[PDB]
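A.B. asks: My questions all concern the structure below.
There are 2 protein chains.
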Amino acid sequence: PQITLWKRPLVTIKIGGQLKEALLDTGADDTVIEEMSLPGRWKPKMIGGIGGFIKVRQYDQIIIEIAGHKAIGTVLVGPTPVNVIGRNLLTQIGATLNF
Amino acid sequence: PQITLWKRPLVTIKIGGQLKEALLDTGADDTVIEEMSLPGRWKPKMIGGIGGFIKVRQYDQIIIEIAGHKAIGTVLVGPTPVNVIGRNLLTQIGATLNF
Ligand SMILES: CC(C)CN(C[C@@H](O)[C@H](Cc1ccccc1)NC(=O)O[C@H]1CO[C@H]2OCC[C@H]21)S(=O)(=O)c1ccc2c(c1)OCO2
Ligand SMILES: [Cl-]
Ligand SMILES: [Cl-]
Ligand code: NA
Numbered sequence: 072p073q074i075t076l077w078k079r080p081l082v083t084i085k086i087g088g089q090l091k092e093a094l095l096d097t098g099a100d101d102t103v104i105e106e107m108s109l110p111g112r113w114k115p116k117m118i119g120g121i122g123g124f125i126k127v128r129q130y131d132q133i134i135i136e137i138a139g140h141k142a143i144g145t146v147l148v149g150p151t152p153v154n155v156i157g158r159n160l161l162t163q164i165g166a167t168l169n170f
Numbered sequence: 072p073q074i075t076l077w078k079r080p081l082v083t084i085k086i087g088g089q090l091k092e093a094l095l096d097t098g099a100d101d102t103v104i105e106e107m108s109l110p111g112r113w114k115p116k117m118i119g120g121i122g123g124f125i126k127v128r129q130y131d132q133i134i135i136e137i138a139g140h141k142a143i144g145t146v147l148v149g150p151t152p153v154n155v156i157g158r159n160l161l162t163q164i165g166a167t168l169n170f
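Here you go:
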């Protein structure tokens with residue numbers, strides 16, 4: 072699709088057997104999801120944005136379906152105010168910015 | 072152009088006759104730039120990012136060039152860790168997300 076930016080570019084994702092809404096976010100290096108359980112090992116991480124840093128759990132090799140497109144990569148889980156699909160997964164679905 | 076996301080989507084902007092680097096950020100509603108001087112009056116705004124809320128100075132109707140495209144709109148000035156071009160100006164330059 073071509074998504075305009077008049078409104079937030081929100082899509083449905085499937086992660087860990089759950090449906091969630093998330094923002095397609097070119098300014099996010101990493102994918103950050105609100106608190107949920109995921110399988111496998113994790114390690115702690117701090118990530119920073121406007122407002123400062125939050126502590127997250129880093130899970131690797133997680134499969135996510137984004138607007139119908141499957142991708143695998145690292146997912147950070149923690150107290151983000153919005154679920155964000157970052158560049159690590161946007162690349163895998165072939166997303167580009169065009170103007 | 073068509074910008075892939077393997078690296079941060081950094082572009083050169085020009086504001087107040089000065090060149091700066093900024094991130095094309097589809098996850099930002101608003102454009103937020105580091106401390107600098109802008110003309111006219113400002114109004115208060117609070118914005119919420121991953122680590123919490125910050126106060127910024129809102130300047131309206133500011134002339135800004137983004138990757139060679141001219142925009143005129145609202146710029147927020149405050150302690151952002153990177154300059155971000157948000158949807159308010161991405162729409163003015165005709166940007167879309169495509170996959
Ligand atoms: C600020 C940029 C450099 C980074 N952020 C991504 C943004 O797209 C963020 C994504 C975001 C969106 C909403 C709430 C929190 C974060 N947007 C944001 O802060 O926008 C602010 C400016 O406009 C306003 O509209 C949205 C909030 C305000 S982020 O959320 O802090 C972030 C995401 C993934 C990351 C990361 C930081 O570090 C490593 O991986
Ligand atoms: Cl990854
Ligand atoms: Cl590619
Ligand atoms: Na894993």
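Chains as they are written, first to last, in our numbering: chain A, 72 to 170; chain B, 72 to 170.
We put the CB at the ideal spot given by N, CA and C, even for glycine.
1) Based on Cα-Cα distance, which residue from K126/B, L168/B, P72/B and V82/B lies nearest to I135/B?
2) Indicate whether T162/B and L168/A have their beta-carbon atoms separated by less than 7 Å.
3) Answer yes if the stretch 87 to 102 of chain B comes into contact with the stretch 146 to 162 of chain B, meaning at least three C-beta pairs across the two stretches below 8 Å, and no otherwise.
4) Can you tell me whether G120/A is buried or exposed, with buried defined as 16 or more other CB within 10 angstroms of its CB?
5) Bridge partners for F124/A per DSSP, in chain order?
6) Sorry if obvious, but does the Cβ on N154/B come closer than 6 Å to a heavy atom of ligand 5?
7) In terms of alpha-carbon separation, which member of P110/B, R158/B, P152/B and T97/B lies closest to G87/B?
8) What are the boundary residues of the alpha helix (DSSP H) that includes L160/B?
9) Below 8 Å on the Cβ atoms is my guess for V153/A versus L95/A; work out the distance and round it to an integer in Å.
C.D. replies: Concretely, from the data shown:
1) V82/B
2) no
3) With contact defined as three or more Cβ pairs closer than 8 Å, the stretch 146 to 162 of chain B and the stretch 87 to 102 of chain B are in contact.
4) buried
5) Note: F124/A is bridge-paired with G119/A in the DSSP secondary-structure output.
6) This structure lacks ligand 5; the ligands present are ligand 1, ligand 2, ligand 3 and ligand 4.
7) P110/B
8) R158 to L161
9) With a Cβ gap of about 11 Å, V153/A and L95/A do not count as contacting.
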